[PDB]
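# What the coordinates show
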Amino acid sequence: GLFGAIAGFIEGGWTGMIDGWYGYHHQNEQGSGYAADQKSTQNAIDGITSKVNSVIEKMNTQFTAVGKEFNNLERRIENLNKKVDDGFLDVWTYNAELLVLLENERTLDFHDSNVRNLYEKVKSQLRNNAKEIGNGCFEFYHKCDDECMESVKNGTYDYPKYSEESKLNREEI
Amino acid sequence: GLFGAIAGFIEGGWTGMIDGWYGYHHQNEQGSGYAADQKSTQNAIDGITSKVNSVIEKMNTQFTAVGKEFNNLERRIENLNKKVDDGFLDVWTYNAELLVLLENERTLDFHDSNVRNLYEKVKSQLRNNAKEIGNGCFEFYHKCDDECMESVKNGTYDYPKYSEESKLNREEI
Amino acid sequence: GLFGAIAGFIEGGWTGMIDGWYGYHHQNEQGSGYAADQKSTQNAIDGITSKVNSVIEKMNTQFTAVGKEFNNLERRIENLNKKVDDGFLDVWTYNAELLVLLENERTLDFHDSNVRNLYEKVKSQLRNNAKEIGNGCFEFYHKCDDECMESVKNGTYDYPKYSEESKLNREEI
Amino acid sequence: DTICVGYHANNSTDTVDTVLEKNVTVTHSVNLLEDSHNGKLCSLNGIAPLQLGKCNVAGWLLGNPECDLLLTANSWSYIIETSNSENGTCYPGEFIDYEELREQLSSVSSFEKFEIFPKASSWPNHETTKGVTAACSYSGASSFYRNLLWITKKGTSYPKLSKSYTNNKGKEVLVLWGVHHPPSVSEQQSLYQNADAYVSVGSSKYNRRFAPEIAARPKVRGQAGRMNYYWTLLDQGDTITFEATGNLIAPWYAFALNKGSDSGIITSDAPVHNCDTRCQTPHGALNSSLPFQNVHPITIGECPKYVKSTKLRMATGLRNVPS
Amino acid sequence: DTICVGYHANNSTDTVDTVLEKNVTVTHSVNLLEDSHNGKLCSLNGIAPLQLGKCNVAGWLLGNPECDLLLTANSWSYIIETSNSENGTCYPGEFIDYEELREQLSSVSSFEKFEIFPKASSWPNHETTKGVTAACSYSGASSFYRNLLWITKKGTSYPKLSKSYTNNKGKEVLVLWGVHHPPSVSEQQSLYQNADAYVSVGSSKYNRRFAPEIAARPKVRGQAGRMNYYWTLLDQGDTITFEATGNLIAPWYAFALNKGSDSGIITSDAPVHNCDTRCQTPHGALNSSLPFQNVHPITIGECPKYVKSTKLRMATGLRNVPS
Amino acid sequence: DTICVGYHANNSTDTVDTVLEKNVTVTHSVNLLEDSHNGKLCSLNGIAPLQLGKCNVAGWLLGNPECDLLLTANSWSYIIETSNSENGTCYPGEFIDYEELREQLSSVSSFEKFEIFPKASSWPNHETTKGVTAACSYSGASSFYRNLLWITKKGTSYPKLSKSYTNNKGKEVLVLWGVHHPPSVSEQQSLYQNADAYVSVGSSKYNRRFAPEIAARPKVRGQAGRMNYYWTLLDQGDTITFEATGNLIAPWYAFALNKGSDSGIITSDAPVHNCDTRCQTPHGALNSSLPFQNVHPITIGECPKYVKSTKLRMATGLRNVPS
Ligand SMILES: *[C@@H]1O[C@H](CO)[C@@H](O[C@@H]2O[C@H](CO)[C@@H](O[C@@H]3O[C@H](CO[C@H]4O[C@H](CO)[C@@H](O)[C@H](O)[C@@H]4O)[C@@H](O)[C@H](O[C@H]4O[C@H](CO)[C@@H](O)[C@H](O)[C@@H]4O)[C@@H]3O)[C@H](O)[C@H]2NC(C)=O)[C@H](O)[C@H]1NC(C)=O
Ligand SMILES: *[C@@H]1O[C@H](CO)[C@@H](O[C@@H]2O[C@H](CO)[C@@H](O[C@@H]3O[C@H](CO[C@H]4O[C@H](CO)[C@@H](O)[C@H](O)[C@@H]4O)[C@@H](O)[C@H](O[C@H]4O[C@H](CO)[C@@H](O)[C@H](O)[C@@H]4O)[C@@H]3O)[C@H](O)[C@H]2NC(C)=O)[C@H](O)[C@H]1NC(C)=O
Ligand SMILES: *[C@@H]1O[C@H](CO)[C@@H](O[C@@H]2O[C@H](CO)[C@@H](O[C@@H]3O[C@H](CO[C@H]4O[C@H](CO)[C@@H](O)[C@H](O)[C@@H]4O)[C@@H](O)[C@H](O[C@H]4O[C@H](CO)[C@@H](O)[C@H](O)[C@@H]4O)[C@@H]3O)[C@H](O)[C@H]2NC(C)=O)[C@H](O)[C@H]1NC(C)=O
Ligand SMILES: *[C@@H]1O[C@H](CO)[C@@H](O[C@@H]2O[C@H](CO)[C@@H](O[C@@H]3O[C@H](CO)[C@@H](O)[C@H](O)[C@@H]3O)[C@H](O)[C@H]2NC(C)=O)[C@H](O)[C@H]1NC(C)=O
Ligand SMILES: *[C@@H]1O[C@H](CO)[C@@H](O[C@@H]2O[C@H](CO)[C@@H](O[C@@H]3O[C@H](CO)[C@@H](O)[C@H](O)[C@@H]3O)[C@H](O)[C@H]2NC(C)=O)[C@H](O)[C@H]1NC(C)=O
Ligand SMILES: *[C@@H]1O[C@H](CO)[C@@H](O[C@@H]2O[C@H](CO)[C@@H](O[C@@H]3O[C@H](CO)[C@@H](O)[C@H](O)[C@@H]3O)[C@H](O)[C@H]2NC(C)=O)[C@H](O)[C@H]1NC(C)=O
Ligand SMILES: *[C@@H]1O[C@H](CO[C@@H]2O[C@@H](C)[C@@H](O)[C@@H](O)[C@@H]2O)[C@@H](O[C@@H]2O[C@H](CO)[C@@H](O)[C@H](O)[C@H]2NC(C)=O)[C@H](O)[C@H]1NC(C)=O
Ligand SMILES: *[C@@H]1O[C@H](CO[C@@H]2O[C@@H](C)[C@@H](O)[C@@H](O)[C@@H]2O)[C@@H](O[C@@H]2O[C@H](CO)[C@@H](O)[C@H](O)[C@H]2NC(C)=O)[C@H](O)[C@H]1NC(C)=O
Ligand SMILES: *[C@@H]1O[C@H](CO[C@@H]2O[C@@H](C)[C@@H](O)[C@@H](O)[C@@H]2O)[C@@H](O[C@@H]2O[C@H](CO)[C@@H](O)[C@H](O)[C@H]2NC(C)=O)[C@H](O)[C@H]1NC(C)=O
Ligand SMILES: *[C@@H]1O[C@H](CO)[C@@H](O[C@@H]2O[C@H](CO)[C@@H](O)[C@H](O)[C@H]2NC(C)=O)[C@H](O)[C@H]1NC(C)=O
Ligand SMILES: *[C@@H]1O[C@H](CO)[C@@H](O[C@@H]2O[C@H](CO)[C@@H](O)[C@H](O)[C@H]2NC(C)=O)[C@H](O)[C@H]1NC(C)=O
Ligand SMILES: *[C@@H]1O[C@H](CO)[C@@H](O[C@@H]2O[C@H](CO)[C@@H](O)[C@H](O)[C@H]2NC(C)=O)[C@H](O)[C@H]1NC(C)=O
Ligand SMILES: *[C@@H]1O[C@H](CO)[C@@H](O[C@@H]2O[C@H](CO)[C@@H](O)[C@H](O)[C@H]2NC(C)=O)[C@H](O)[C@H]1NC(C)=O
Ligand SMILES: *[C@@H]1O[C@H](CO)[C@@H](O[C@@H]2O[C@H](CO)[C@@H](O)[C@H](O)[C@H]2NC(C)=O)[C@H](O)[C@H]1NC(C)=O
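About the cut-offs
- Residues numbered from 1 in each chain as written, not as in the entry; some residues may be left out.
- Chains lettered and ligands numbered in written order.
- Heavy atoms only, no water.
- Domains from an automatic or database assignment.
- Contact = heavy atoms within 4.5 Å.
- Buried area = accessible area lost by both parts, 1.4 Å probe.
- Salt bridge = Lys/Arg side-chain N within 4 Å of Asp/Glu carboxyl O.
- Polar contact = N/O pair within 3.5 Å; in protein donor to acceptor, adjacent residues only side chain to side chain.
- Helix = DSSP H or I, 4+ residues; strand = E, 2+ residues; numbered from the N terminus.
- Nonpolar A, V, L, I, M, F, W, Y, C, P; charged D, E, K, R; others polar.
- Pairing = 2+ DSSP bridges.
- Axes fitted to C-alpha atoms, helices over the stretch in contact; angles between N-to-C directions.
- Core = buried A, V, L, I, M, F, W, Y, C linked by side-chain atoms within 4.5 Å.
- Buried < 20%, exposed > 50% of the residue type's maximum accessible area, 1.4 Å probe, protein only.
- 1 Å grid on protein atoms, 1.4 Å probe; cavity = no way out; pocket = protein on both sides within 12 Å on 5 of 7 lines; lining within 4 Å.
- Points joined across faces, edges and corners; volume = space filled by probe spheres on them.
- Disulfide = S-S within 2.5 Å.

### Points about the domain arrangement of chain D
Residue and element names in this part refer to chain D. Its domain assignment divides chain D into domain 1 (1-41 + 274-323) and domain 2 (42-273). A separation of 51 Å is found between the C-alpha centroids of domain 1 and domain 2. Domain 1 puts 13 residues into the contact, and the matching count from domain 2 is 16 residues. At the boundary of domain 1 with domain 2, total buried surface from both sides reaches about 1400 Å², with 64% on carbon and sulfur atoms. By the criterion of area lost to domain 2, the three top residues of domain 1 are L41, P282 and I300, representing 48% of everything that side buries. Counting across the interface, domain 1 meets domain 2 through 0 salt bridges. Viewed at the interface, domain 2 and domain 1 are joined by 8 residue pairs in polar contact. Going through the elements one at a time, strand 21 (272-277) and strand 24 (300-301) are the ones with two or more residues in the side of domain 1 that touches domain 2. Among the residues forming the side of domain 1 that touches domain 2, the class breakdown is 4 nonpolar, 6 polar and 3 charged.

This is how it looks when you write it as structure tokens:
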């Protein structure tokens, strides 16, 4: 279930970003961006942690398994013992490899879903401004400082404060 | 694969809704809403029913398993028997727990996908009217009775009937 | 995880399309469409091929399994042998059936995701033109030949070439 | 006017464990694991089970005189031993191949107990009523088993013994016997008056020549001698021959068998009632349809399958998010 | 002008079962389970299998004179028994450790049958040609086995018998012998003229002292006596010694062994042809590459894996939705 | 001004295999499989293991005089055999039920070796110091075992032998003995002066009457006779009785047992050091917490679980896509 975000419409990754997994890059009048989003990455860390711990928990630990001995008139019992051991070994190696493959699929799809959800969350609160272009970028018809940037990073935007000026600018373009 | 609908942009659930799993809430001139959608919930009920029945079907029922007896010169056979029983018990308990966990993941994602699909289905037939806001709500530029409500609930809207009046209203706003 | 494309907003399939799995249908001044998209179908073929080969690879091949013989004073060993064989047979048939069911779910969701991603990829490069309608169809405000068709099929559109004429046409409508 | 879209909420409290989160609250769910059982042992499919009581399987088949009450039992579903069952072999010794006999008994559904060798007619040479030990005592008196027969001399004489029996019942016949050996040569000569002796058993696929062994050994239940026990299945047809010198514990009752599998030797001491089920454990009975089971791994019937977990709640519904 | 986007449709009818729905119609799919087999028994990797015909394994090794046609067979891939194979031990008795010998034969690929004790030279004291039973009859006449040798007296005399054999072939040698015992003491004295007798076999890790047992028993195939059979593997080096009084069935042919595993004693009666495969069942042969198999669980070769299902169609493609 | 949204990139190179693609490069991952082990055999939970050295288990219990150095060992965690351990039974024969004794030894944690029958006091009729073979040689001289005792005549006389022993130690006692038989009747009469002889062992649940067998056989280690060995567990209470004519290898040391499970007879030859672990293999020791293991399938302790793969890297993070 490729959600289309990672290596999709968003082209590549960020080396300069250090702190979290998912963040922003603001480019107003002063300074540049590369600020993480510590709210959506914490849920991801908790989910992956509880995933790995559960995978460790569902497996057990074997106790003392020591080989037995048979003479030359108990061949049937020896072949039966060898069959039992080989069977259980094959069953467990199959379970382990299959579990690892499916878990890797689901965790990559999980990160993809997180990025798409964060993009939709930004677009939902920026209603008709900012004219989204290219690899997940906006434009901001109205001009605003670092305060509106931090506002968008919080999840509160108070859209009727910046409505009419952005409307006039969108119309005059 | 969190689709972003349940506990996402749609905030909470409805206690007052009784009949189905997925429905609407209409707020025109007379009365209030809380009407279910008996078309999309029936497919969900059939899917979950055929899921649970399949999970019951793939397991079998054990027949008479009675313990055996050994004397004090057949210790090897007794240890072999105990090993076989413990091995099979561990394999089956692993299979059961792992199946339950993965099935729970997939059914929650299934309900999430259903809600997002229903939202997209409404938005697709309401083309440029109604100015979608907040937690999956519309506005209806044109004023219409319970008949247009029931029309939207059916899946037919005849958009060119209400086009020009809504266009005039959208322009005069 | 039904993505809503196959038997969703896109209603049915195409019989006339021959070459690939996912394609287009262009309806300009000369000729009709039914041209495949050889870039997105190749990744699908490679994914499904590496899926089937992996499923074949994770299973093994049994060697010589020949039945044993016991007299009328070794009933316990015979019952133990029968128990071991029946147990392993049940474990493997369970694994096989369960693997096939889950793999079928995931491959159908994979094709659904591919179709939705291709639709989004077209819509992303057709910014404000073409007024998308119905089961994944566009309109092209500006009139263009087979060259713009082949351009859209490549993934390059040079939107500022056709901007102002389409803007004038959209306004005069 | 709005057509706000939303999902269903409920006031349920049943939680479901998933991979990425624990204790998720789901609106509707379904159980898949059994816990409850009535602490009773009912009859599986109408036929009542045979409770041995204070009796071992060997004690029941040899006819230990403490185990008299189940003298006339010939039909069961499964055999119950208790934790107090200790009256096996009263005279001390060894029941050879006792476990194989239990595995043969785990497939037989009924009996027909009959006379092979009638006590008053078949032995007109030896004494048949003056030989009995005091270790197997019964109400003060000294009684032997109820299915075997001790053989003594008749007035300082012991003729060579030979007796055969053919099979004419269509079913398989389970034959038991014993071989006694005393601790001293004086006891050997006092009971049998043969320095060397043997017994020999032959049918077609069983053939053995038993000789006694005489050695001093410490006493169990106040007896210094020993006794070994043996069993053989016949077929419809072939005949058995006993040929003895001075050492035979002759059979006196047989058992005709009947097939019909899926029996057991469940060991528990929960009481017996007369309901009807399709699944039976040593802890109790089970009545359900869920695919998993948690009571006990040793089952008789068509029982649900045993795992070793405590919770298998499976979610069928939405995440309960009250607004 | 439009650039309508759509997916592929087809007119296929192959259905695929998934979790949420049954019988889904998919455009392209792939099979993963085998059903077909040619009802023949071909030769695995060039070497033809050895068909016993109306012969048991014991009958083949002892050299039962009905089993004459396979007198010169010394190479196989796997051994075939039919449902009509009943000519095992002609003279009645018991082949001791018959199943362990089959498990040893399931690892040997060829033979070299040779004389241990030459019949005309090694026995210049006893008679070697006047002792033969009529139960093992052959075309009216009375013949014994083809690999063993009966021993009788030579004119009211029986010297003490002792004979040894060393191993100088590098391979393991499989040695068979027998011990006869009559039903009566009169027959014992008439054949052997020894009230007590023994045989004794010793090498380094095998050592036993056999004594006969004499008892009356009902006859099988019109013979009241019995005979027991025995087998021993030697090594490169160590020597075997036979030492007998009046009870020896002397060996007359051995078998040098050769390793090379993965053999079997498949029991079927489908006919034998001369194609070449890599997988063999009792029902037939298999030629495939799919990971699952449904024909039969008992296989010889590098066979695909056995499950107990009827359909494992795996979907590689879209949902076929014709518009 | 823009609020471009993006994900994290890194310069890691660790690849992760998934279903639809191989060798995917992931930013962060975690290992789940063990490879590393120190090639040493440390002491499990403080208690040092007992290394047999050039000694077999039978050689250690019988007291083979080459195995003198471990004469005073009475505590272990697990028993180590090497690939050079060959000094088992010095005098040639057969240790009957040698594998069951190993399975009993796999549950015992300590010993108390003591005198049952004191050599200087318990035998005032026979000779106790003039009977010793030369096959079990030690520094040129001829010595017997260190736990058993040969019995010879005392001047052309052999009284009937009988001796008993009671148990008063609360623990189980492991008793060994032997039965010798010569190749010739002349050697039998020269050592014992009894044409017929027996030994007999009886406690309560063990009872056997051994008779010698005399037959010529090829010699091993320059000895044509044979010797059989036997072992029996007693209980707190019941007494054992030996009663012999001319064939007894009398016990001279016992072993009081102590429970405490999870021991083993690991066979390796990696050196022994004195660290402390919780998991031990024949290849080495393991110190980890990962759920899967790849070193060796035969383990002692609380070890991680054995599979047969080479890579189980599990992805916890994003696809590393450098721009
Ligand atoms: C079926 O199995 C039941 C038990 O489930 C048997 O009944 C038991 O029989 C045993 C053996 O007879 C009894 O144990 C012994 O009892 C002897 C006499 O009884 C009295 O004395 C003892 C202790 O001195 C008391 O416990 C008991 O209450 C009585 O007051 C004792 O003498 C035995 O002890 C010792 O002495 C003898 C003789 O010197 C020695 O051989 C022993 O080694 C030991 O040192 C011993 O305690 C047991 O008590 C009985 N139990 C019951 C419930 O009564 C049935 O007899 C058996 N059925 C058949 C067919 O016999
Ligand atoms: C290899 O195995 C085959 C079978 O696979 C053997 O051939 C069979 O040999 C048995 C034993 O000899 C035969 O069974 C018996 O046949 C006797 C005589 O044959 C005639 O009579 C019977 C019935 O009266 C007919 O079925 C048959 O067609 C003949 O007309 C019978 O006398 C036997 O019956 C009874 O009498 C005897 C003597 O009193 C008793 O001992 C028996 O208990 C029984 O009451 C019995 O029916 C069998 O028929 C043969 N089958 C075939 C196919 O010919 C081979 O001989 C054996 N190979 C070797 C090495 O011997
Ligand atoms: C513990 O186990 C060790 C081995 O792990 C034993 O030591 C070995 O003892 C065996 C048996 O004595 C030895 O093998 C034999 O050695 C005999 C004499 O030694 C010399 O000659 C041989 C070869 O001729 C050389 O290999 C060796 O280096 C010496 O120079 C040989 O005579 C034997 O060969 C043959 O002759 C005899 C007599 O005719 C025949 O019985 C045999 O069948 C054979 O044909 C044989 O080679 C072995 O060499 C010893 N090994 C070591 C390491 O010294 C311990 O003795 C045993 N512990 C106890 C309790 O005894
Ligand atoms: C989420 O985002 C908003 C948007 O930035 C945060 O609100 C801002 O918080 C600062 C903190 O001081 C406020 O500054 C205040 O300024 C006045 C003078 O104007 C001064 O008297 C106060 O002492 C304080 O310094 C700022 O006004 C406020 N937002 C604006 C610009 O209106 C908010 O904190 C973030 N967290 C929350 C609560 O969601
Ligand atoms: C799906 O939704 C539509 C929209 O409501 C349903 O159509 C409506 O059905 C009613 C049923 O009576 C129609 O009423 C009719 O009114 C006329 C008088 O105007 C009368 O002569 C008829 O006897 C009937 O009462 C109504 O007109 C019609 N829709 C409108 C308002 O145009 C429809 O039934 C739903 N189901 C289907 C078929 O999709
Ligand atoms: C992806 O799509 C574009 C859009 O069609 C392809 O570009 C077109 O390629 C043709 C190939 O000849 C160009 O034609 C050229 O015409 C001039 C005369 O105008 C002539 O001198 C050249 O020899 C050649 O015939 C065409 O101009 C060009 N696109 C346009 C219309 O600007 C492109 O090839 C596709 N592949 C790539 C590289 O992405
Ligand atoms: C998950 O919940 C179980 C049970 O707790 C119930 O469900 C919780 C979500 C919450 O609603 C509780 O009030 C409910 O009682 C927890 O298991 C128990 O945890 C408590 C500590 O809270 C402990 O004292 C009990 O012994 C535990 N019982 C058993 C049998 O495990 C469990 O810890 C929760 N897991 C989490 C939150 O990680
Ligand atoms: C699923 O289909 C199988 C086979 O039926 C075929 O596929 C169906 C979708 C439809 O196209 C049928 O016309 C095809 O024949 C069904 O299995 C058979 O069902 C019929 C009753 O319809 C019964 O008589 C047969 O005995 C069944 N055969 C076997 C071997 O099962 C199956 O019932 C369908 N499952 C559903 C629809 O739930
Ligand atoms: C997947 O990779 C492994 C290892 O190769 C590494 O990872 C690759 C993606 C690439 O970065 C290589 O440069 C790295 O070395 C491959 O396994 C090895 O493949 C080579 C041939 O390239 C072969 O010579 C080695 O013997 C292989 N080693 C082992 C132990 O398998 C593997 O082939 C790659 N699988 C693919 C690409 O399908
Ligand atoms: C939560 O609300 C539900 C509503 O169904 C309660 O269910 C009903 O509660 C009423 C109270 O009078 C009972 O009479 C009904 O029997 C209940 N079910 C019905 C409709 O038959 C539910 O009990 C409430 N919560 C709890 C604690 O269960
Ligand atoms: C076993 O369980 C069933 C229910 O699973 C019990 O039968 C029910 O009895 C009640 C009261 O008579 C009825 O209302 C239900 O209709 C019954 N259910 C069914 C499916 O029969 C039954 O009593 C329990 N005991 C036995 C032996 O059946
Ligand atoms: C459904 O249509 C397909 C189209 O490929 C049919 O396949 C071809 O049908 C023609 C009819 O003349 C045959 O000549 C071809 O051999 C078929 N395959 C090809 C192209 O080689 C298909 O047969 C039709 N449906 C069925 C029932 O299979
Ligand atoms: C076994 O199956 C293979 C096919 O899997 C058969 O070989 C094919 O024979 C046909 C006709 O000669 C050829 O067109 C194919 O190229 C062959 N395929 C392969 C892969 O060889 C074969 O005949 C069957 N029998 C044996 C014993 O191989
Ligand atoms: C890739 O870049 C990372 C950045 O973390 C390197 O990690 C650090 O590299 C510096 C170079 O001076 C070391 O001093 C640090 O110790 C490394 N980690 C830290 C921050 O402690 C990383 O080494 C680079 N790639 C490789 C080949 O590992």
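### Structural notes on the sheet that holds strand 1 (residues 3-7) of chain E
What the 3 strands build is an open sheet, ordered 2(C)-1(C)-1(E); its pairing is antiparallel. Each of the sheet's edge strands pairs with one partner strand only, and the pair in question is strand 2 (35-36) of chain C together with strand 1 of chain E. Inspection of the sheet shows strand 1 (residues 22-26) of chain C paired to strand 1 of chain E by 5 bridges, in the antiparallel sense. Paired with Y22 of chain C across the strands is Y7 of chain E, a residue of strand 1 of chain E.

### Considering the environment of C136 of chain F
Residues and elements named next belong to chain F. Residue position: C136 is located in the loop between strand 9 (110-114) and strand 10 (137-138). Separated by 109 residues in sequence, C136 and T245 have C-alpha atoms that sit 25 Å apart. Apart from the residues within four sequence positions on either side, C136 is in contact with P65, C90, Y91 and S143.

### A word on the sheet that holds strand 1 (residues 3-7) of chain F
Taken in spatial order, the 3 strands of this open sheet run 2(A)-1(A)-1(F), and their pairing is antiparallel. Because the sheet does not close on itself, it has two edges, and the strands there are strand 2 (35-36) of chain A together with strand 1 of chain F. Along the sheet, helix 2 (residues 75-125) of chain A makes contact with strand 1 (22-26) of chain A together with strand 1 of chain F, crossing strand 1 of chain A at roughly 40°.

### Comments concerning the nonpolar core
One finds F292 of chain D, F292 of chain E together with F292 of chain F to be the most contacted residues of the largest nonpolar core, which totals 87 residues. When contributions to this core are tallied by element, the ones reaching two or more residues are helix 1 (40-58) and helix 2 of chain A, helix 1 (40-58) and helix 2 (75-125) of chain B together with helix 1 (40-58) and helix 2 (75-125) of chain C.

### Overview of empty space enclosed by the protein
The full count for this structure, using the stated rule, is 6 cavities of 30 Å³ or more. A volume near 50 Å³ is recorded for the second largest cavity. Contributing to the lining of the second largest cavity are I77 and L80 of chain A, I77 and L80 of chain B together with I77 and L80 of chain C. Looking at the lining of the second largest cavity residue by residue, the class counts come to 6 nonpolar, no polar and no charged.

### Focus on the environment of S85 of chain E
Residue and element names in this part refer to chain E. Tracing the sequence through the fold places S85 in the loop between strand 7 (79-80) and strand 8 (93-95). On the basis of relative accessibility, which here comes to 15%, the residue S85 falls in the buried class. With sequence-adjacent residues up to four places away left out, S85 is seen in contact with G53, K54, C55 and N56. A polar contact of 3.2 Å, which involves the side chain of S85, links it to the backbone oxygen of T82.

### As for the pattern of salt bridges
Taken as a whole, this structure holds 54 salt bridges over all chains when the rule is applied. Linking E105 of chain B and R106 of chain A is a salt bridge whose minimum nitrogen-to-oxygen distance equals 3.2 Å. A residue pair is termed interchain when its members come from two chains, as with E105 of chain B in helix 2 and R106 of chain A in helix 2. Each member of the pair, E105 of chain B together with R106 of chain A, is buried. A salt bridge links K259 of chain D to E172 of chain D; the nearest nitrogen and oxygen atoms lie 3.3 Å apart. Placement of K259 of chain D in the loop between strand 20 (254-258) and strand 21 and of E172 of chain D in the loop between strand 13 (161-165) and strand 14 (173-181) is noted, with a sequence separation of 87 residues between them. Here the salt bridges do not stand alone but share partners, grouping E74 of chain A, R76 of chain B together with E100 of chain F into one network.

### Here we look at the state of the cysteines
As used in these notes, a disulfide is a covalent bond between sulfur atoms, one from each of two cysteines. On inspection of all chains with the given rule, the structure shows 18 disulfides over all chains. Linked covalently through their sulfurs, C42 of chain D and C275 of chain D form a disulfide whose S-S length is 2.0 Å. Here the S-S torsion is close to 110°, and the disulfide linking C42 of chain D with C275 of chain D is therefore right-handed. With a gap of 233 residues between them, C42 of chain D in strand 5 (residues 41-44) and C275 of chain D in strand 21 connect regions that are remote in the sequence. A relative accessible area of 1% places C42 of chain D in the buried class. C279 of chain E shares a disulfide with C303 of chain E; S-S distance 2.0 Å.

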